[PDB]
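One chain is shown next in structure tokens, namely the form deposited in one PDB entry.
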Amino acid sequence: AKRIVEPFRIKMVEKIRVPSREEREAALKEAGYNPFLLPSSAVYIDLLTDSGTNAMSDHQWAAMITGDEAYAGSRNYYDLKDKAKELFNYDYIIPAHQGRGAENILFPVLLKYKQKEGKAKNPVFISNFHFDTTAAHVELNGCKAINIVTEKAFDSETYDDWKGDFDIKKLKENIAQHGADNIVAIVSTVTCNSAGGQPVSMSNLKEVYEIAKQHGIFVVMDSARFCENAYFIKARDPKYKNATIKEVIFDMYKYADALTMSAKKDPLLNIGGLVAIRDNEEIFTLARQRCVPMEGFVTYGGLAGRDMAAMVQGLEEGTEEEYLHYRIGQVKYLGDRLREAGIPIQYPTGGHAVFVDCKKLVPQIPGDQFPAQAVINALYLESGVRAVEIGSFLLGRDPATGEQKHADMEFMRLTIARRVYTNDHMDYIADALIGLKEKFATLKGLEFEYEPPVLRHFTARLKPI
């Protein structure tokens, strides 16, 4: 394990505290054994998400202070437009309040666009892996969300450079089975969140885009963690060994027609999202027509002016290789601590989180009893650290059959907010999980009490078995 030094120093701090063991026992109980329902006061180190919990820079705060709050035509809207043209070469932007607002703007518009000439009667979206909000917006619009990530993502312990890659073979099979007229769009998720924050390679992105253009399919880059994906392409693809991060990013976006971004991830924000469209002005115009009732006027999209200002500055800071080397180096430090102590993880670690393979850590719990959640619950009761489950619990149920979607991966996700926690905080997280060495086989799964029909993991209430 190698500690990589921060390429910054601290300017402002926020207190944290360890709640007592009896606080955590009561809190988890009151929260229905779902840490999503805990108050933050009951949490020590929060590893629930890397979304919106990032520490901004003094430059981002100063940009907020001078942000233009004008309802129409904010100065910051035009800076954000130029920045998106600078980084992605995309000519149209619509701000959104966060990533699932961008998906609510774009995905219904793509469906209606595809349904011209009476096509897309049995419509589907195709992705390496639809994350939860993305798949929910696909299915809420009456489509199937099809995930075709490479099967090397399924062998946790075996190294591979690109575990977020599309399976090109399955992509061709799905185009053959469904037909190009049913494929509303392809979604390239960079990095692949559900596979473990694992990068998609540039040739993979290129190859998927070639096939899509052959068949007239629209391609959307789910871009929440694009800077982490660009760093991995520079690190693992020899063809980009001497490229700047921005140069890799520019090339990534030659292989999509539009993007949906949660700016709460790699742009280092606490709120914000973005739709950018390359050159298709009709899809842009239709999305603007949906933005107005759902999000806001097309020059702020449900954001305050200051948050567009912070996003402009965040989009620059998130591409800095010195910062990305440290950020992804910190994730790698935590993974190497756990791996050295015999804890199975998705290897190599991805950009934003260590994914602990609980299918190997707790074999006595079947996947539909949520094994990673039993581990998460025990880790919290022992340490005050709050983690999150990326497995059968999050995967949910098939819209058609109403049964559990089969999960090939049962991950506990230790999600690391950017520039928030030190490597000493990582050591606490590592030692806490390692201290559970003798209790893993003792753990038992969980059973529902209240299950939402959609995105159930957020508010479900569980009971032990």
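Whichever C-alpha set is largest while still superposing within 1.5 Å between the two forms counts as the rigid core. Numbers follow the displayed sequence, beginning with 1.
Stretch comparison (52-60 versus 424-432) by mean CA B-factor in the PDB entry places 424-432 on top. As the entry records it, the average C-alpha temperature factor is higher for 441-449, out of 16-24 and 441-449.
The residue among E228, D307, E321, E157 whose C-alpha carries the highest B-factor in the deposited model is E157. Per the PDB entry, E382 shows the highest C-alpha temperature factor of the residues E247, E316, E382, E295.
The entry lists a Cα temperature factor for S392 that places it in the highest third of the chain's modelled residues. Among the modelled residues of its chain, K265 has a C-alpha B-factor that falls in the lowest third, as given in the PDB entry. In the deposited entry, the Cα temperature factor of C291 places it in the lowest third of its chain's modelled residues. In the PDB entry, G67 places in the lowest third of its chain by CA B-factor.
Placement of the Cα temperature factor of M412 within the chain: middle third of the modelled residues, per the deposited record.
The discussion below concerns the form deposited in another entry, not included here.
Checking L205, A287, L338, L361 for C-alpha shifts of 2 Å or more between this form and the one not shown, after the rigid core is superposed, gives a single hit: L361. Taking the rigid core as fixed, one finds a CA shift for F440 of 2 Å or more between this form and the one not shown. A movement of the C-alpha atom of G164 falling short of 2 angstroms is seen between this form and the one not shown when the two forms are aligned on their rigid core.
After superposition on the rigid core, displacement of the C-alpha of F8 between this form and the one not shown stays below 2 Å.
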